[PDB]
Amino acid sequence: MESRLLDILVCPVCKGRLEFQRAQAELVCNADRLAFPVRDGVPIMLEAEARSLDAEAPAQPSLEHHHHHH
């Protein structure tokens, strides 16, 4: 038998096919509401270090009047 398929990556937990978006470059787990981020070529298939549609990543780099130059 000859196999064709465009099915390369399924969710390692739910076994649901990943949904490749180009917003933040994410593979959305279309059942768990998760999204594995593709960090320019390298996809992070780690759920804890990925992003969710329920839980976004809060990133605000030090809101402070910090002394610089010297």
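Some observations on this one:
- Consider region 1-22 and keep the residues that are among the charged types (D, E, K, R) and surrounded by 10 or more Cβ atoms within 10 Å (Cβ to Cβ). The one that is farthest from the chain's Cα centre (by Cα) is 17.
- If the condition is being within 21 Å of residue 31 (Cβ to Cβ), free of Cβ contacts under 8 Å to residues at least 12 places away in the same chain and not aliphatic (A, V, I, L, M), then region 50-70 contributes only 56.
- Residue that is nearest to residue 13 (Cα to Cα), among those in region 47-70 that are among the aliphatic types (A, V, I, L, M) and out of contact with any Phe, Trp or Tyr (no Cβ under 8 Å at 6 or more places or on another chain): 48
- Residue check, residue 47 out of contact with any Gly (no Cβ under 9 Å at 6 or more places or on another chain), among the acidic types (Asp, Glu) and in contact (Cβ under 8 Å) with a residue 24 or more places away in the chain: yes
Neighbour counts run over all protein chains shown; Cβ positions are idealised from the backbone, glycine included. FYI, it's all coordinate maths here, none of it is from the lab.
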